[PDB]
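> Encoded as structure tokens, here's the structure I'll be asking about.
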Amino acid sequence: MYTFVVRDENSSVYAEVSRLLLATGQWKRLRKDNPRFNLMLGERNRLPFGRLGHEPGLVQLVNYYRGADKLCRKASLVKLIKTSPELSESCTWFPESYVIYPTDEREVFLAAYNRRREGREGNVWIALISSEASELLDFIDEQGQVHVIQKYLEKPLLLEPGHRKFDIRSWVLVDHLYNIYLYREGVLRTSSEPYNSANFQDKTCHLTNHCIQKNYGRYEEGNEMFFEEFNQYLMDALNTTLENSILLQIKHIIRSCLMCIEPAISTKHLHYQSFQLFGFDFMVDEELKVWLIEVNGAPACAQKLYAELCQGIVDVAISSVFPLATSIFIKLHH
Amino acid sequence: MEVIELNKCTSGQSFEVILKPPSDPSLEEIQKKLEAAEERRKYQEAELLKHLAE
Amino acid sequence: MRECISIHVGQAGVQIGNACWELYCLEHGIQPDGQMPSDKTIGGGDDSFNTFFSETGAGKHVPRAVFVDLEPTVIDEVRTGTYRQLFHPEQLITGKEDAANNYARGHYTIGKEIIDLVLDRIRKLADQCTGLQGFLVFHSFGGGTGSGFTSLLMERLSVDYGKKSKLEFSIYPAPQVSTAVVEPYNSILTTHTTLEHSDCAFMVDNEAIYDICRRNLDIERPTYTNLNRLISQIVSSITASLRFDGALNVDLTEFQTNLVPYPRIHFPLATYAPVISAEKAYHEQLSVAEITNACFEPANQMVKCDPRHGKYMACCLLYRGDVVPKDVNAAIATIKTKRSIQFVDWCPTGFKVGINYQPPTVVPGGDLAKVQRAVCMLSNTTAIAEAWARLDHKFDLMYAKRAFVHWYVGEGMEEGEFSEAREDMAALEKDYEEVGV
Amino acid sequence: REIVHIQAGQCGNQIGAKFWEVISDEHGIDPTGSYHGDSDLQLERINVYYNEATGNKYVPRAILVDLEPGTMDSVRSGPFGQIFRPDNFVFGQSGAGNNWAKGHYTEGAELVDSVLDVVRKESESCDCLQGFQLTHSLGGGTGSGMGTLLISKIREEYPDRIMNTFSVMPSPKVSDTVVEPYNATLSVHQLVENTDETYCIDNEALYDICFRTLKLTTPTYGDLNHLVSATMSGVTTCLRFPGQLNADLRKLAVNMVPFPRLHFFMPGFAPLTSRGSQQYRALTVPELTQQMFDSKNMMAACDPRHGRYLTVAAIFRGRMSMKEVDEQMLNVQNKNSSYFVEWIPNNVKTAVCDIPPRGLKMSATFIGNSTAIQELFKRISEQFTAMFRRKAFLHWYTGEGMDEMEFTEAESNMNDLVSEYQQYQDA
Ligand SMILES: Nc1nc2c(ncn2[C@@H]2O[C@H](COP(=O)(O)OP(=O)(O)OP(=O)(O)O)[C@@H](O)[C@H]2O)c(=O)[nH]1
Ligand SMILES: Nc1ncnc2c1ncn2[C@@H]1O[C@H](COP(=O)(O)OP(=O)(O)CP(=O)(O)O)[C@@H](O)[C@H]1O
Ligand SMILES: Nc1nc2c(ncn2[C@@H]2O[C@H](COP(=O)(O)OP(=O)(O)O)[C@@H](O)[C@H]2O)c(=O)[nH]1
Ligand SMILES: CCN(CC)c1ccc(NC(=O)c2cc3scnc3[nH]2)cc1
Ligand SMILES: [Ca+2]
Ligand SMILES: [Mg+2]
Ligand SMILES: [Mg+2]
Ligand code: NA
């Protein structure tokens with residue numbers, strides 16, 4: 001009979017998890033500030049890792065990896081990839097990006113830009129989307145935050161029927177043993193209105209966020225296409241499968257990113273242990289080449305997959321540590 | 001990389017290896033504090049004995 | 001040669017003092033009766049071990065140390081211990097009634113009645129010094145004496161010995177080995193009052209020492225004897241440079257220079273390896289690379305925390321046994337390629353190494369196995385602030401309800417000193433953060 | 001570090017006598033006062049309760065008080081009757097008639113100075129007196145009235161000394177007279193002010209235990225006192241025997257009492273035993289822990305589930321796996337952390353002594369500072385008001401010079417004590 005606490009109630013994912021735990025009748029929820037817990041569903045900001053693993057006779061576990069923010073924040077991600085030999089500046093699956101600070105690496109970004117003057121070579125960048133630096137670097141001084149500038153992929157793979165843009169979301173679970181588990185079910189957050197490569201002010205057809213579009217729901221319910229359909233499309237349209245054309249690259253990128261920061265965040269020989277659910281966002285160009293967009297440290301799930309995914313978390317990340325009285329995951333071996 | 005300040009002797013040796021370069025109260029103040037706390041133990045004790053006297 | 005005086009305050013300080021001086025004698029070949037056949041300069045000398053020992057014309061080598069406790073039971077075991085002849089009666093000061101785990105009682109009430117006596121007995125040693133460096137002060141955070149009287153003593157030493165340095169060996173409170181609840185109060189209170197009176201303080205969490213004794217020495221439930229003999233080994237590693245020939249950390253001033261850039265942030269993290277059980281039948285001796293790599297495992301640290309998520313300001317490696325600079329540099333080179341070691345931008349990323357060819361001496365019949373090589377790393381990492389965070393949280397929980405406060409107020413202390421001390425700790429935690437991220 | 005013992009009244013002297021009977025056996029002291037044991041751990045802390053009298057004999061640092069000679073004559077002719085110093089027998093003749101006023105204001109006032117002379121003579125002999133302890137009932141006249149009078153005058157002459165009590169609470173289940181709630185309410189008023197620790201020994205609980213658990217058809221005061229002496233031996237174990245626990249009464253008080261007025265403890269003991277009926281099956285450590293936390297072994301008829309523990313202390317005795325002790329102790333907390341306040345970190349502490357009590361090869365003594373103790377005072381307050389609203393039986397008191405106002409005040413302070421416990425139960 002184990003105990004746990006909840007310190008982020010805006011978490012749609014772990015709200016489902018806390019519920020499932022209670023339903024087993026072998027887990028009891030405590031208050032926010034009760035330290036005598038076995039599990040902690042902690043907050044997103046300033047989680048007190050320093051106070052974990054100091055309760056005698058209590059094996060403590062937390063649903064967040066300390067230091068994982070370096071991967072799950074755009075400014076840190078670019079810095080991580082460029083400075084890490086494991087990934088390097090010659091990274092093939094990450095769009096070239098640069099860190100820009102308001103009034104740093106700005107004069108360097110121009111070096112690549114000064115060459116783009118060659119012409120006949122696509123030149124559009126994102127923070128929003130524009131074709132020239134002058135206006136790009138003029139609005140990043142108008143919010144006051146630290147923003148990243150990245151090469152916009154001008155020739156994305158476009159779904160038919162519709163001529164639509166789309167991004168892929170993969171959910172990855174890393175347990176206490178740092179086993180990397182890819183959820184077999186992903187989702188395509190697609191565009192409903194056709195992709196217009198002319199001008200990029202109208203960001204309804206370019207930004208494929210589930211919220212921005214809320215022609216919604218024309219093709220697929222909720223503007224969300226899942227792997228079974230998307231796979232069938234690739235077979236019929238492009239004479240290939242999802243596993244071959246895209247997923248091998250996805251599995252490669254996920255495995256490369258986490259293995260890189262493993263020595264920095266691993267809780268192998270620590271006095272407390274950690275697991276965490278990640279949300280990798282990918283992008284496919286017209287030549288079936290996968291690109292990494294970003295990583296989410298506190299991802300939300302698709303409505304259909306909440307039940308299956310959340311149950312999976314309890315199985316391999318919680319019950320693995322706290323046992324009770326075929327798998328929906330793909331283990332990325334290393 | 002760079003080893004420096006190497007000093008050797010019979011009992012052992014010491015050195016330094018660099019990998020990358022960079023980028024009170026007075027005595028009276030004390031005894032006033034202590035005595036300021038003593039008078040308060042005596043005030044508290046006085047009010048106790050007063051209370052017990054009533 | 002410059003002398004060093006050791007001050008042991010409270011039960012923890014005294015009993016650890018015993019473990020250390022016991023070990024020192026075995027290392028320097030000094031006998032329980034205080035005789036040292038090795039020393040040919042009878043009745044005096046200019047040697048390195050004279051830093052911790054003075055000599056009598058009769059050839060006895062006496063510790064430059066003073067034991068102080070507000071209750072006699074612990075020090076009484078020194079008076080009748082195996083090293084009873086070693087010490088001088090005036091070096092052992094005992095009260096009648098302890099501080100009852102009350103900082104205010106140790107500091108104000110009882111402290112006032114014995115502080116002058118202690119300073120007088122300390123002055124008797126300082127007069128026998130040709131050039132006193134300063135003091136090494138052993139005590140617990142938790143005890144009323146170890147916390148209360150120590151802070152008072154540290155204040156007076158800064159008045160009567162302004163130019164002299166002062167180092168701390170402080171026992172951080174752990175529920176595993178404590179029947180006290182008010183420890184968080186005493187720790188915050190004594191840290192606040194002592195902070196600017198201490199140049200360098202080595203904290204030791206009983207939690208860490210406890211688990212090391214269970215994990216590595218296979219001791220089911222460590223006693224204080226088990227903890228202390230392990231602690232004494234660490235302390236020995238840290239003070240070895242003051243008692244032997246060398247060029248690294250030869251005086252107390254050099255501890256501040258090499259480990260403490262910022263005065264307030266003067267709490268270096270200690271990490272020790274290897275810890276091997278004497279009851280371990282078969283043991284494969286560990287190499288320089290293996291023991292050095294172990295200095296970056298949290299399980300070997302004197303305080304459990306995660307240096308990966310902080311920044312280093314300094315780092316010293318202190319080896320004892322079969323070690324040469326070659327194998328050390330080779331070890332460092334490998335370790336950095338695989339581990340997270342961030343230094344603050346305004347510091348050089350490097351290590352000050354010290355080696356003593358004589359391997360670590362072990363207490364006969366003790367729990368530790370003899371080894372061919374051992375190492376103690378002294379790294380000033382911001383990650384040690386986790387220990388302050390834990391402590392300050394426990395403090396805030398109790399003080400929000402003013403629990404147990406009446407005990408302190410009843411001894412003449414102001415409730416305001418609680419908030420003053422807590423404010424200081426809040427500033428300290430933020431100082432660590434500015435440097436750390 | 002010596003402790004001066006006082007026992008006042010019938011109840012106080014009878015539980016006190018058995019207390020000395022029990023620990024005198026543990027320390028190997030015979031009724032004559034001569035040591036006859038095997039271990040020497042029985043002696044290196046025997047100065048706490050015994051003065052080493054001339055002729056190689058140990059004499060209890062105990063003072064026996066009463067306003068009638070009846071009970072004290074029984075002590076003197078009891079098993080360990082001679083062990084006590086004859087000069088320390090201080091008694092009157094008139095009695096107290098179960099009247100708090102007589103014990104506190106008239107009959108007792110006449111005798112109290114005589115008692116203090118004996119307290120003084122004992123204290124002056126102490127190298128370093130660590131505190132006083134009193135055994136008494138709160139339902140009678142002498143132990144209740146004169147006891148709280150003594151406490152008041154000891155605090156006057158020794159204001160910086162620890163003053164604790166082992167106080168027997170009255171219950172209708174085991175009642176001598178109807179005015180027991182009056183005497184109890186008046187006494188609690190005193191204990192809240194002038195003691196550091198009061199071990200609440202409820203006769204209701206002692207009766208229930210003897211009947212429900214121990215299966216005794218009609219328990220006597222002797223049966224009730226087997227539980228008291230065993231508990232008292234338990235809480236004093238770490239004071240009387242050497243161990244890694246280096247604490248005097250003051251240090252123990254600091255760690256157990258977070259608020260000065262809330263110092264009323266629930267004692268407990270395991271395994272529960274009938275006198276004479278000895279034990280064959282030794283309890284496993286899990287069983288000791290489970291029982292001492294169960295309400296059925298509590299000596300204060302309070303349900304700890306109706307409140308929250310501020311602090312808890314547990315003294316295990318006998319040879320056992322101290323690892324297993326921890327694991328089981330750490331288990332109770334981690335199972336029911338809702339009944340422990342979260343704003344006092346690590347408020348459950350444990351100790352082990354190698355020497356078990358007689359008859360048992362291992363045992364556990366429970367000391368709980370629970371807010372549930374308010375149920376005890378609530379009970380007394382109900383019984384109090386039931387009579388006081390009609391001013392019943394009050395003439396016994398006003399006849400001794402007391403005014404109704406003093407009853408109203410005493411009632412108010414105890415109702416405040418209840419509201420205080422309720423404050424932290426909601427924190
Ligand atoms: N490592 C270690 N810690 C100890 C030892 N003795 C006591 N402690 C710790 O010290 C804390 C309690 O303070 P003490 O040193 O026992 O008390 P004190 O300094 O004598 O002060 P008083 O309250 O007057 O007794 C607890 O957290 C103990 O764990 C010891 O021998 N070794
Ligand atoms: N370099 C690039 N080329 C093309 N499209 C890009 C791009 N970078 C981002 N996008 C598009 O912009 C959209 C929003 O980008 P981004 O991922 O930064 O938003 P976000 O903060 O919402 C990630 P999440 O919602 O998962 O936390 C993506 O869905 C993708 O369509
Ligand atoms: N446990 C116990 N309680 C007693 C004993 N004698 C009396 N009492 C209780 O104490 C109250 C009577 O007080 P008593 O000691 O006789 O009064 P006193 O002699 O004038 O101080 C009643 O509530 C009894 O239940 C006894 O021997 N043991
Ligand atoms: C501090 C936690 N522990 C267990 C480690 C503990 C141990 C013993 C006691 N005993 C007493 O407080 C007491 C004994 C007597 S005799 C007269 N008054 C008293 N008071 C309390 C707590
Ligand atoms: Ca010499
Ligand atoms: Mg002490
Ligand atoms: Mg009677
Ligand atoms: Na007199």
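The chains in the structure tokens are called A, B, ... from first to last as shown; in each chain the residues are counted from 1, and the ligands are counted from 1 in the order shown.
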Run DSSP on the backbone and grab whatever in region 74-285 of chain A lands in strand (DSSP E); send it over as a PDB file with C-alpha atoms, in the first residue's frame.


```pdb
ATOM      1  CA  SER A  97      18.990  27.467 -35.854  1.00  0.00           C
ATOM      2  CA  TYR A  98      20.537  30.388 -33.984  1.00  0.00           C
ATOM      3  CA  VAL A  99      20.095  31.965 -30.552  1.00  0.00           C
ATOM      4  CA  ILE A 100      19.108  35.643 -30.593  1.00  0.00           C
ATOM      5  CA  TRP A 125      12.838  31.600 -41.375  1.00  0.00           C
ATOM      6  CA  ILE A 126      10.708  31.319 -38.237  1.00  0.00           C
ATOM      7  CA  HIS A 147      13.771  33.758 -28.993  1.00  0.00           C
ATOM      8  CA  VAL A 148      15.285  31.234 -31.395  1.00  0.00           C
ATOM      9  CA  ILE A 149      15.476  31.765 -35.155  1.00  0.00           C
ATOM     10  CA  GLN A 150      15.236  28.650 -37.324  1.00  0.00           C
ATOM     11  CA  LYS A 151      15.209  27.781 -41.023  1.00  0.00           C
ATOM     12  CA  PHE A 166       1.108  18.478 -40.756  1.00  0.00           C
ATOM     13  CA  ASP A 167       3.371  17.785 -37.775  1.00  0.00           C
ATOM     14  CA  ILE A 168       3.866  14.471 -35.964  1.00  0.00           C
ATOM     15  CA  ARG A 169       3.681  14.083 -32.183  1.00  0.00           C
ATOM     16  CA  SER A 170       5.452  11.142 -30.543  1.00  0.00           C
ATOM     17  CA  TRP A 171       5.108  10.325 -26.843  1.00  0.00           C
ATOM     18  CA  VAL A 172       8.231   8.920 -25.186  1.00  0.00           C
ATOM     19  CA  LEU A 173       8.472   7.468 -21.675  1.00  0.00           C
ATOM     20  CA  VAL A 174      11.829   7.169 -19.905  1.00  0.00           C
ATOM     21  CA  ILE A 180      13.443   4.651 -23.559  1.00  0.00           C
ATOM     22  CA  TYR A 181       9.887   3.596 -24.417  1.00  0.00           C
ATOM     23  CA  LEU A 182       8.259   4.938 -27.583  1.00  0.00           C
ATOM     24  CA  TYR A 183       4.462   4.875 -27.519  1.00  0.00           C
ATOM     25  CA  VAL A 187      -0.716  11.492 -33.960  1.00  0.00           C
ATOM     26  CA  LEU A 188      -0.583  13.847 -36.932  1.00  0.00           C
ATOM     27  CA  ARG A 189      -1.704  17.347 -35.998  1.00  0.00           C
ATOM     28  CA  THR A 190      -2.641  18.388 -39.521  1.00  0.00           C
ATOM     29  CA  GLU A 224      -6.026  14.530 -35.811  1.00  0.00           C
ATOM     30  CA  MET A 225      -4.915  11.728 -38.128  1.00  0.00           C
ATOM     31  CA  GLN A 273      14.696   8.162  -8.863  1.00  0.00           C
ATOM     32  CA  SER A 274      12.955   9.800 -11.812  1.00  0.00           C
ATOM     33  CA  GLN A 276       9.295  11.414 -17.371  1.00  0.00           C
ATOM     34  CA  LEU A 277       6.915  11.578 -20.314  1.00  0.00           C
ATOM     35  CA  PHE A 278       8.173  13.549 -23.309  1.00  0.00           C
ATOM     36  CA  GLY A 279       6.437  14.917 -26.388  1.00  0.00           C
ATOM     37  CA  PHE A 280       8.616  15.010 -29.491  1.00  0.00           C
ATOM     38  CA  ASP A 281       7.392  17.143 -32.394  1.00  0.00           C
ATOM     39  CA  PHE A 282       8.586  16.128 -35.864  1.00  0.00           C
ATOM     40  CA  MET A 283       8.243  17.499 -39.392  1.00  0.00           C
ATOM     41  CA  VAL A 284       8.464  15.668 -42.720  1.00  0.00           C
TER      42      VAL A 284
END
```

> Set the distance at 12 Å and use only C-alpha atoms: which residues neighbour residue 35 (chain B) once local chain neighbours fewer than 2 positions away are removed? I'd like the list as a ChimeraX atom specification.

/B:28-33,37-42 /C:107-109,111-113,411-413

> Residues as selected, N, CA, C and O atoms, written as a JSON list (two decimals), in the first residue's frame, can you do that?


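Listing of again.json after writing:
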```
[["chain", "number", "residue", "atom", "x", "y", "z"],
["B", 28, "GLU", "N", 32.12, 44.08, 23.91],
["B", 28, "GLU", "CA", 31.02, 44.69, 24.65],
["B", 28, "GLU", "C", 29.68, 44.41, 23.97],
["B", 28, "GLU", "O", 28.69, 44.15, 24.64],
["B", 29, "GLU", "N", 29.66, 44.47, 22.64],
["B", 29, "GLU", "CA", 28.46, 44.16, 21.88],
["B", 29, "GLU", "C", 27.98, 42.75, 22.19],
["B", 29, "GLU", "O", 26.78, 42.49, 22.25],
["B", 30, "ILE", "N", 28.93, 41.84, 22.39],
["B", 30, "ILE", "CA", 28.61, 40.46, 22.71],
["B", 30, "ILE", "C", 28.05, 40.35, 24.13],
["B", 30, "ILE", "O", 27.03, 39.70, 24.35],
["B", 31, "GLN", "N", 28.71, 41.00, 25.08],
["B", 31, "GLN", "CA", 28.32, 40.88, 26.48],
["B", 31, "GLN", "C", 27.06, 41.69, 26.79],
["B", 31, "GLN", "O", 26.40, 41.44, 27.79],
["B", 32, "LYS", "N", 26.73, 42.64, 25.93],
["B", 32, "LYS", "CA", 25.46, 43.35, 26.05],
["B", 32, "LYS", "C", 24.34, 42.46, 25.56],
["B", 32, "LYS", "O", 23.24, 42.46, 26.12],
["B", 33, "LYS", "N", 24.62, 41.69, 24.51],
["B", 33, "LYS", "CA", 23.66, 40.73, 23.98],
["B", 33, "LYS", "C", 23.34, 39.67, 25.02],
["B", 33, "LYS", "O", 22.17, 39.37, 25.28],
["B", 37, "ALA", "N", 19.80, 39.19, 27.45],
["B", 37, "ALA", "CA", 19.00, 37.97, 27.49],
["B", 37, "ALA", "C", 18.86, 37.47, 28.93],
["B", 37, "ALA", "O", 17.89, 36.79, 29.27],
["B", 38, "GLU", "N", 19.85, 37.79, 29.76],
["B", 38, "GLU", "CA", 19.82, 37.39, 31.16],
["B", 38, "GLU", "C", 18.76, 38.17, 31.93],
["B", 38, "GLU", "O", 18.05, 37.61, 32.76],
["B", 39, "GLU", "N", 18.67, 39.47, 31.65],
["B", 39, "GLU", "CA", 17.69, 40.32, 32.33],
["B", 39, "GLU", "C", 16.27, 39.86, 32.02],
["B", 39, "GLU", "O", 15.36, 40.04, 32.82],
["B", 40, "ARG", "N", 16.10, 39.25, 30.85],
["B", 40, "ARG", "CA", 14.79, 38.80, 30.40],
["B", 40, "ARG", "C", 14.40, 37.48, 31.05],
["B", 40, "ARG", "O", 13.23, 37.21, 31.28],
["B", 41, "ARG", "N", 15.39, 36.64, 31.35],
["B", 41, "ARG", "CA", 15.14, 35.44, 32.13],
["B", 41, "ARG", "C", 14.74, 35.82, 33.54],
["B", 41, "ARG", "O", 13.95, 35.12, 34.18],
["B", 42, "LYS", "N", 15.29, 36.93, 34.03],
["B", 42, "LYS", "CA", 15.00, 37.40, 35.38],
["B", 42, "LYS", "C", 13.65, 38.11, 35.44],
["B", 42, "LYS", "O", 12.97, 38.06, 36.46],
["C", 107, "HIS", "N", 23.76, 28.83, 24.22],
["C", 107, "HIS", "CA", 24.35, 30.10, 23.83],
["C", 107, "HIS", "C", 24.28, 31.13, 24.95],
["C", 107, "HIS", "O", 25.31, 31.65, 25.40],
["C", 108, "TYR", "N", 23.07, 31.43, 25.40],
["C", 108, "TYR", "CA", 22.84, 32.50, 26.36],
["C", 108, "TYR", "C", 22.95, 32.05, 27.81],
["C", 108, "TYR", "O", 23.83, 32.49, 28.54],
["C", 109, "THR", "N", 22.04, 31.17, 28.22],
["C", 109, "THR", "CA", 21.93, 30.78, 29.62],
["C", 109, "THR", "C", 23.21, 30.19, 30.17],
["C", 109, "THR", "O", 23.90, 30.81, 30.98],
["C", 111, "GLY", "N", 25.95, 29.14, 28.41],
["C", 111, "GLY", "CA", 27.14, 29.60, 27.72],
["C", 111, "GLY", "C", 27.82, 30.75, 28.42],
["C", 111, "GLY", "O", 29.05, 30.81, 28.49],
["C", 112, "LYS", "N", 27.02, 31.66, 28.96],
["C", 112, "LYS", "CA", 27.54, 32.84, 29.65],
["C", 112, "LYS", "C", 28.35, 32.47, 30.89],
["C", 112, "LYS", "O", 29.25, 33.20, 31.30],
["C", 113, "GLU", "N", 28.04, 31.32, 31.48],
["C", 113, "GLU", "CA", 28.64, 30.92, 32.75],
["C", 113, "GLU", "C", 29.95, 30.16, 32.60],
["C", 113, "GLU", "O", 30.60, 29.86, 33.60],
["C", 411, "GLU", "N", 14.58, 31.09, 27.62],
["C", 411, "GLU", "CA", 15.98, 31.15, 28.01],
["C", 411, "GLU", "C", 16.59, 32.52, 27.72],
["C", 411, "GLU", "O", 17.81, 32.70, 27.82],
["C", 412, "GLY", "N", 15.75, 33.48, 27.37],
["C", 412, "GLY", "CA", 16.19, 34.86, 27.19],
["C", 412, "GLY", "C", 16.35, 35.29, 25.74],
["C", 412, "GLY", "O", 16.72, 36.43, 25.47],
["C", 413, "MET", "N", 16.07, 34.38, 24.81],
["C", 413, "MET", "CA", 16.22, 34.67, 23.40],
["C", 413, "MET", "C", 14.97, 35.34, 22.85],
["C", 413, "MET", "O", 13.87, 35.11, 23.35]]
```

> I want to know what sits within 9 Å of residue 15 (chain B), based on only C-alpha atoms, with residues of the same chain fewer than 3 positions away left out; could you give that as a PyMOL selection string?

(chain B and resi 3-8) or (chain C and resi 247-248+325+351-355)

> With N, CA and C atoms retained, export the selected residues as a PDB file, in the first residue's frame.


```
ATOM      1  N   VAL B   3      49.978  20.649 -16.787  1.00  0.00           N
ATOM      2  CA  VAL B   3      50.372  20.377 -15.409  1.00  0.00           C
ATOM      3  C   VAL B   3      51.346  21.449 -14.932  1.00  0.00           C
ATOM      4  N   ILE B   4      51.109  21.980 -13.736  1.00  0.00           N
ATOM      5  CA  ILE B   4      51.937  23.053 -13.195  1.00  0.00           C
ATOM      6  C   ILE B   4      52.127  22.918 -11.686  1.00  0.00           C
ATOM      7  N   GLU B   5      52.957  23.796 -11.128  1.00  0.00           N
ATOM      8  CA  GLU B   5      53.177  23.875  -9.685  1.00  0.00           C
ATOM      9  C   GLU B   5      53.606  22.538  -9.086  1.00  0.00           C
ATOM     10  N   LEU B   6      54.272  21.715  -9.889  1.00  0.00           N
ATOM     11  CA  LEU B   6      54.719  20.406  -9.431  1.00  0.00           C
ATOM     12  C   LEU B   6      55.793  20.538  -8.357  1.00  0.00           C
ATOM     13  N   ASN B   7      55.452  20.117  -7.144  1.00  0.00           N
ATOM     14  CA  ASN B   7      56.391  20.102  -6.032  1.00  0.00           C
ATOM     15  C   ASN B   7      56.496  18.700  -5.445  1.00  0.00           C
ATOM     16  N   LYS B   8      57.724  18.195  -5.353  1.00  0.00           N
ATOM     17  CA  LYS B   8      57.977  16.833  -4.894  1.00  0.00           C
ATOM     18  C   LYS B   8      58.744  16.806  -3.575  1.00  0.00           C
TER      19      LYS B   8
ATOM     20  N   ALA C 247      53.189  20.623  -0.134  1.00  0.00           N
ATOM     21  CA  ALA C 247      53.123  21.986  -0.657  1.00  0.00           C
ATOM     22  C   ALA C 247      51.691  22.409  -0.981  1.00  0.00           C
ATOM     23  N   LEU C 248      50.728  21.561  -0.630  1.00  0.00           N
ATOM     24  CA  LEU C 248      49.315  21.853  -0.854  1.00  0.00           C
ATOM     25  C   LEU C 248      48.574  21.913   0.473  1.00  0.00           C
ATOM     26  N   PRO C 325      51.282  11.341 -10.144  1.00  0.00           N
ATOM     27  CA  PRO C 325      50.599  12.359 -10.953  1.00  0.00           C
ATOM     28  C   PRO C 325      50.145  11.855 -12.318  1.00  0.00           C
ATOM     29  N   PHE C 351      42.078  21.070 -11.287  1.00  0.00           N
ATOM     30  CA  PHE C 351      42.142  20.391  -9.998  1.00  0.00           C
ATOM     31  C   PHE C 351      43.494  20.596  -9.322  1.00  0.00           C
ATOM     32  N   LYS C 352      43.469  20.993  -8.055  1.00  0.00           N
ATOM     33  CA  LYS C 352      44.676  21.025  -7.241  1.00  0.00           C
ATOM     34  C   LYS C 352      44.868  19.663  -6.591  1.00  0.00           C
ATOM     35  N   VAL C 353      45.913  18.952  -7.000  1.00  0.00           N
ATOM     36  CA  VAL C 353      46.142  17.592  -6.530  1.00  0.00           C
ATOM     37  C   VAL C 353      47.216  17.546  -5.450  1.00  0.00           C
ATOM     38  N   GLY C 354      46.979  16.717  -4.442  1.00  0.00           N
ATOM     39  CA  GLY C 354      47.948  16.463  -3.395  1.00  0.00           C
ATOM     40  C   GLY C 354      48.039  14.971  -3.153  1.00  0.00           C
ATOM     41  N   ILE C 355      49.263  14.460  -3.066  1.00  0.00           N
ATOM     42  CA  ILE C 355      49.489  13.036  -2.855  1.00  0.00           C
ATOM     43  C   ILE C 355      50.392  12.807  -1.656  1.00  0.00           C
TER      44      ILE C 355
END
```

> Taking only C-alpha atoms and all ligand atoms into account, name the residue in C:176, C:381, C:300, C:38 that is nearest to ligand 5.

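The closest residue to ligand 5 is C:38.
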
> Write out as a ChimeraX atom specification which residues come within 10 Å of residue 81 (chain D) when counting only C-alpha atoms, dropping same-chain ones fewer than 3 positions away.

/D:17,21,31-32,72-78,84-86

> Mind listing the residues within 9 Å of ligand 8, only C-alpha atoms and all ligand atoms counted, as a PDB file with C-alpha atoms, in the first residue's frame?


```pdb
ATOM      1  CA  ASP D 113       5.741  22.933  54.939  1.00  0.00           C
ATOM      2  CA  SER D 114       6.674  19.681  56.671  1.00  0.00           C
ATOM      3  CA  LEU D 116       8.941  20.685  51.702  1.00  0.00           C
ATOM      4  CA  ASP D 117      11.497  20.288  54.483  1.00  0.00           C
TER       5      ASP D 117
END
```

> Given the choices C:343, C:149, C:52, C:388, which gets closest to residue 21 (chain B) if the distance is worked out from only C-alpha atoms?

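Ranked by minimum distance to residue 21 (chain B), first place goes to C:343.
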
> Neighbours of residue 25 (chain A) within 12 Å (only C-alpha atoms; same-chain residues fewer than 2 positions away dropped), as number ranges by chain?

A: 1-3, 18-23, 27-29, 324-325

> Taking only C-alpha atoms and all ligand atoms into account, report as a ChimeraX atom specification which residues have an atom no farther than 8 Å from an atom of ligand 6.

/C:10-11,69-71,74,98-101,143-145 /D:246-247
